[PDB]
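Below is one structure, written out as structure tokens; the observations come after it.
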Amino acid sequence: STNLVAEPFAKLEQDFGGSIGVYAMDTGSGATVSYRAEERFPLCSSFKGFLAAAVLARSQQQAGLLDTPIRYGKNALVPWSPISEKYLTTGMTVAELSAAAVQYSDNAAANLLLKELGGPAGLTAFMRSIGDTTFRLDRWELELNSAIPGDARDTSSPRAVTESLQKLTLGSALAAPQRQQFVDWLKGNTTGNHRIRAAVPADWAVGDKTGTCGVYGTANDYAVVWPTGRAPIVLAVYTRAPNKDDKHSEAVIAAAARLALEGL
Ligand SMILES: C[C@H](CS)C(=O)N[C@@H](Cc1ccccc1)B(O)O
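Numbered by my numbering, the letters in the sequence shown go through residues 153 to 416 in order.
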């Protein structure tokens, strides 16, 4: 992957102070936009979209997996588990946990689903099984957020994220009802309004999944976008920075998303 008009991205990256990673594809034309698309970035919570897809895939083999109630304990509630905490007294179904992991980035819900799938290794295996050789999840929440420069644990590349997303939302990796459910969950995300969605015209339908590690200026978003009358665009925007105290920027993510959409 390459880009012979990369200077707008390079200047945005210089102004940001860190590294920016972008990959976008127009699935109707095949056109792509690329910038550090092959470089590893921390997933942060963006793994949760793929976790929900892996749960949907499994549900194709075990009838009733999605409606299975989980009565989890208080000590499942690691920080930033707003849905899991609200529903602690009732428990939650696997489907509800998946939705909360996607749409609220709920940490406890993510850890409970990971356990159901055999931990980070289990999710990584699912991703290998759809042909993603870049993705790796190694740790649970919250340890996977350490985002240490050059550490390959819990990382992927913008291109591999985009390709896997396209397979799961638009290709054949998931059966049709599962596929629609994944898309529906993404379209209902609540955490993404200042990221890719901020660059998308308000009349284009969008589903997305954010990630925010909290250190090293590391944050991200991926999305499927439906332009009017066209096949969808799929894209991924990841950031990191070299100092632990560096701030992430939602505005940088939005700006990089817009440069990608404009290039297409
Ligand atoms: C440690 C860090 C929050 S400071 C964290 O748990 N991030 C996950 C979800 C998240 C994002 C923004 C605020 C709180 C939680 B995720 O893995 O991105």
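All C-beta atoms, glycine included, are put in the ideal place defined by N, C-alpha and C.
Taking one beta carbon from each stretch, the stretch 262-271 and the stretch 232-250 have 3 or more pairs nearer than 8 Å; the two touch. For the stretch 257-308, the full-length alpha helix (DSSP H) segments reaching 4 residues or more read 259-268, 271-281 along the chain. In the three-state reduction of the DSSP assignment, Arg392 falls in the strand class. Just measuring C-alpha positions, the residue of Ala388, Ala262, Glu190 sitting nearest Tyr224 is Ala262. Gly359 sits in a strand when the DSSP states are folded into three classes.
In terms of side-chain proximity, the C-beta atom of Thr307 is found no nearer than 7 Å to any non-hydrogen atom of ligand 1.
Selection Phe161, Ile405, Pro394, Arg392 evaluated against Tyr374 yields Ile405 as nearest (Cα-Cα). A distance below 7 Å between beta-carbons, with the five flanking residues on each side excluded, links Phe334 to the following residues of its chain, in chain order: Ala204, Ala205, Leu208, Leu320, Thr321, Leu326. In terms of Cα proximity to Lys339, the closest of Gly182, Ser197, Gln255, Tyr239 is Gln255. The criterion of a C-beta distance shorter than 8 Å is satisfied by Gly173 and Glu191. Of the residues assessed, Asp336 falls on the exposed side of the cut-off, its CB having fewer than 16 other CB atoms within 10 angstroms. Spanning the alpha carbons of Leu289 and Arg382 requires a straight line of approximately 34 Å. Between the beta-carbon of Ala409 and that of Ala351 there is about 4 Å, and that keeps the pair under the 8 Å contact cut. When distances are taken from the beta-carbon of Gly363 to the heavy atoms of ligand 1, the shortest one is below 7 Å.
Contact between the stretch 162-179 and the stretch 380-395 is established, with three or more Cβ pairs separated by less than 8 Å. For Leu294, the CB falls within less than 7 Å of some heavy atom of ligand 1. DSSP places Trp378 in the uninterrupted beta strand (DSSP E) bounded by 371-378. With a threshold of 7 Å, the Cβ atom of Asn259 counts as near ligand 1, since some heavy atom of the ligand is closer than that.
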